[PDB]
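> Just need the structure, nothing else, for what follows:
(chains A, B, C, D, E, F and G, ligands or ions: 2)
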Amino acid sequence: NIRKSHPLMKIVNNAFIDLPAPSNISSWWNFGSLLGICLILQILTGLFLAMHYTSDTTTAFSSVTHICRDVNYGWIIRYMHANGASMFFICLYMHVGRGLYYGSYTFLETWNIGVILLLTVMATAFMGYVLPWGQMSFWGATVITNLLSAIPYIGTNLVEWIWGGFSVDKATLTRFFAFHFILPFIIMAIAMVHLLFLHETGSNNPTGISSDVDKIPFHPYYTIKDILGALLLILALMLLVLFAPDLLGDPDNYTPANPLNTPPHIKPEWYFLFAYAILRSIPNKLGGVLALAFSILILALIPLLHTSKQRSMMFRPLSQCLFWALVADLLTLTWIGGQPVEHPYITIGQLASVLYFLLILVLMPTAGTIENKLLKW
Amino acid sequence: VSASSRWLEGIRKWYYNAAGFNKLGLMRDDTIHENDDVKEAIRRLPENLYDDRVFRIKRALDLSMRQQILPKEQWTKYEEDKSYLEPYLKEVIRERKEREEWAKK
Amino acid sequence: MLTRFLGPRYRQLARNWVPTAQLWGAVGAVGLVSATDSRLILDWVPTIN
Amino acid sequence: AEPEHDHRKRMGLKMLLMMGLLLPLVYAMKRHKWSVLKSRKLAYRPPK
Amino acid sequence: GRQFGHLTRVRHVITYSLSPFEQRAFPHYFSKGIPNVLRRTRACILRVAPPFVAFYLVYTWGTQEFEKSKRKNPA
Amino acid sequence: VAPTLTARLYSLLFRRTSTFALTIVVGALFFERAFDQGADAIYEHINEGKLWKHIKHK
Amino acid sequence: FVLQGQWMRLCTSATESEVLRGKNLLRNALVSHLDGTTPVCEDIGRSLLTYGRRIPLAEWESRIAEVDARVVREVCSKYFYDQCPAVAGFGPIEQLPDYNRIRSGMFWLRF
Ligand code: HEM
Ligand code: HEM
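Numbering: from 1, shown residues only, chains lettered A, B, ... in the order given. Ligands and ions are numbered 1, 2, ... in the order given. For reference, the structure is listed below:
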């Protein structure tokens, strides 16, 4: 009674208690709550960090050290933030992938909002990494921000507008801080709308068939399975932060910023490495950033190239192989992205980039058509 | 009719078996993606097929849940695979196409 | 003003919920104690110092 | 460089022992509730 | 939206269930369990495995050429 | 052991949500004392920087 | 939800007045039913098969009289509180609650 009628409870009830859900969803549906979890864990350790961090160049790095040595338990808080960012990205990558494989993208609004959610956390995380004002924080801030200067007749002014100076100076750090604080709240409102559009149809499932014929209430079933699910997120996260705090950050970004150095290194954090590879594969200022962008906004083209008469990939062998070649190709891309632009690495980084686009834009839709034909559809 | 046709038919039988909806006792039309044309075809089915269509989807979602599959004998055999939806779907499409032609003049 | 709740039955209600309410408060008590340790409220019994 | 080193690894020991104890338990909690569904039978009885 | 009781129309399907306190959460877990994981792996290898080894190979080759290139004999 | 330990755990302590809550919280205390120390103890199979061992020398 | 609501309420907080109503409803059901040679005859035959005696109305009265609230909340608890039910459904049952939920309504977290 009370759960069903009360204005606030309704919402909870309709989203986590009596929500009819397919009795069929597998582990790949857990990344939904996991991102939700990652989002909160990242706001909570993030706030406690802001209680000791200062966004001024001369104390920026020092305040981060202040946290790890002097602030009680500052270190875990710091590393949980650091690693949660990668954990947020692995989950983000599972989630997008899951939808791609299962045809979940046929829910345009939900999906499109998802792309806005992907961009928002990327912009968010990119600003996050600059905050400690480390060698990579500054040069990654430099290299990446400077891309916008490829935009014709507007670009120079644009880069100088967001920079605050003529470089990545004082204005940029405080600036980047403010947006890094405001972004995750906006992300939240958007995730609510993500969930708002999703609730309008309920979840998809591995068969892509349709589950009105067999729904189970979200409660014992998926609350308890999300719990067990969050527990494994914690394990991965904690295993990362306690045993190997600097593993995914790599031993490097320590030593303060130096606007005159330029380390023979320069590469964004791992989650941009595939995009990074695509960009440098193209000899051309404009084209590089054009293809950089296209490598992510292409998710907004996927539903227009569905092509198959079935929604999921569960019953489609050729498509499976092509999907796996996409993921395989995305490893190559990050791997290349994490290496210098010399002999072997250029040409495969070039080839793999063409493949990425050939796969999604031509090979996958073709396989769908072939698949339809083999089934006489 | 001969060598080549059977080869194409064998490629088709192979794909069918690989696609594995058979393994969950599903029939090909039970896997169709539900857009409006199809939503309407489903609607138009007679009582019997509709009911059989629901039991199969149900049987399959059940299997799909415990990630199991049916014993080989109960897999649906290719071309014993009644394409019950086809004629309805075709007619529904034919009706929409007619609406569309009228909307151009 | 607000006392339609007086009577045999209401009295009876109250007594059926006493063992429960008492037990519940003890939960929270032990809960608060254990949560902030034996200085910030309630020291004693087999636990160190 | 890393003063927290020791303690880090101490919590880690506790984290492995706890996860190693919570993980099985949360699993048995989950399969217990999902058992109504995993063990479950269907029959289809259409009119003759 | 959507609720329960307004989902769809279903006819003549019985469903027997048994209470969770009367069955085991881990019946033939190793017995029936493991063969299943082997069967699932069989069904999927040929579609998952190959793309990856193609990268696995591209990776080790890619590195060898790189390392071996920053060396040289005459000229 | 005999008419079951769990049976008694249920009958005397788990039939009510009160006692249930109550034991979990009482059980939470001791567990902490036992484990926190237990894990600190097991950790002592590294008689190295063992602050206690150094305390004696200097 | 309402059905189960009453079982627990009775398991935990049954009150005296309603118990008298019950007792009285039962005194009337008993006496009202043994009206006519047929029901009485049926009653003699059945009783001897199950009780080995014929239980005189005076005894059933004594047995009813002894029941107070404490008994009700003690006897209901023994059979209802946190026990698994046997559920059976037929018809448009899309919204019949999942077993676990029905099972979880057989006990209550307040208590
Ligand atoms: C509004 C909530 C958030 C607050 C208040 C916040 C706060 C902070 C602060 C103060 C820092 C600098 C201290 C440090 O580097 O440890 C930081 C760094 C960072 N932030 Fe956040 N953050 C929030 C959300 C997020 C989100 C959602 C992400 C995306 C995963 C993110 C990713 C990062 C990364 C990658 C770093 C640098 C890693 C490091 O050096 O530890 N933050 N954040
Ligand atoms: C802030 C980051 C995000 C959050 C909090 C979030 C949240 C969720 C949640 C909770 C679900 C529930 C279904 C499930 O458990 O999988 C879901 C499903 C879904 N999400 Fe997201 N998501 C995020 C990012 C994304 C992005 C990057 C995409 C893809 C562009 C996306 C697209 C989708 C789609 C299409 C579904 C439907 C899945 C299905 O029914 O099979 N979301 N999302």
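> Could you look up the SS state of residue A:239?
Here residue A:239 is recorded as helix under DSSP: H, G, I helix; E, B strand; the rest coil.
> which residues touch it?
By C-beta atoms under 8 Å, 6 or more residues apart in numbering or on different chains, the contact set of residue A:239 is residue D:15. No exception for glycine: its C-beta is placed from N, CA and C like everyone else's.
> Can you tell me how far it is from chain G?
32 Å (C-beta to the nearest C-beta, to the nearest Å).
> quick one: that residue from residue A:66, how far?
27 Å (C-beta to C-beta, to the nearest Å).
> And residue A:284, by the same measure?
Residue A:284 is 44 Å from residue A:66, by C-beta to C-beta.
> neighbour-wise, which of the two wins?
Legend: neighbour count by other C-beta atoms under 10 Å in any protein chain shown for residue A:284 and residue A:66, higher for residue A:66 (15 against 10).
> Quick check: the more buried one touching residue A:52?
Yes: using C-beta atoms under 8 Å, residue A:66 is in contact with residue A:52, at 6.4 Å.
> Residues that sit against both of those two, list them.
With C-beta under 8 Å, 6+ apart as the test, residue A:66 and residue A:52 both reach residue A:74.
> ok, residue A:359 - contacts?
The contact partners of residue A:359, by C-beta under 8 Å, 6+ apart, come to A:322, A:325-326, A:329.
> Give me the distance between the residue in chain B positioned nearest to chain D and ligand 1.
When scored by C-beta to the nearest C-beta, chain B has residue B:55 as its residue closest to chain D, at 4.3 Å. From residue B:55 across to ligand 1, the span is 46 Å (C-beta to the nearest ligand atom, to the nearest Å).
> Can you check my assumption that that residue lies in a helix?
Yes: judged by three-state DSSP, residue B:55 forms part of a helix.
> what's the nearest residue to it if we skip its chain neighbours?
residue D:44 (4.3 Å; C-beta to C-beta, 6 or more residues apart in numbering or on different chains).
> Give the full set of residues in contact with the one you found.
Counting by C-beta under 8 Å, 6+ apart, residue D:44 has contacts B:55, E:12-14.
> Tell me the bridge partners for it.
Assessed by DSSP bridges, residue D:44 has beta-bridge partners residue E:13.
> Contact residues of chain E facing chain B?
Counting by C-beta under 8 Å from any C-beta of the partner chain, the positions of chain E adjacent to chain B are E:10-13, E:36, E:39-40, E:43.
> Including neighbour count, could those go into a markdown table?
Putting the residues of chain E next to chain B into a markdown table (neighbours: other C-beta atoms under 10 Å in any protein chain shown) gives the following:
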| residue | neighbour count |
| --- | --- |
| E:10 | 18 |
| E:11 | 13 |
| E:12 | 12 |
| E:13 | 17 |
| E:36 | 14 |
| E:39 | 13 |
| E:40 | 13 |
| E:43 | 14 |
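> Out of those residues, which sit inside helices?
Of the positions in the residues of chain E next to chain B, E:36, E:39-40, E:43 sit in helices, assigned by DSSP state H.
> Identify all contacting residues around stretch D:22-32.
Contacts for stretch D:22-32 (C-beta under 8 Å, 6+ apart): A:224-225, A:227-228, A:231-232, A:235, D:38, E:20, E:25-26.
> Tell me which residues of it come out buried.
D:26, D:29-32 (16 or more other C-beta atoms under 10 Å in any protein chain shown).
> For chain C, what's its nearest residue on chain E.
Closest residue of chain E to chain C, C-beta to the nearest C-beta: residue E:21 (24.1 Å).
> where do the helices sit along the stretch 251-377 of chain A?
Secondary structure of the stretch 251-377 of chain A by DSSP state H, counting those that start in this stretch: the helices cover A:273-280, A:285-297, A:317-337, A:343-358, A:364-374.
> tell me the angle the longest one makes with helix A:364-374.
Taking axes from the mean of the first three to the mean of the last three C-alpha atoms, to 10 degrees, one finds helix A:317-337 and helix A:364-374 inclined to each other by 170 degrees.
> Fine by me, we can end here.
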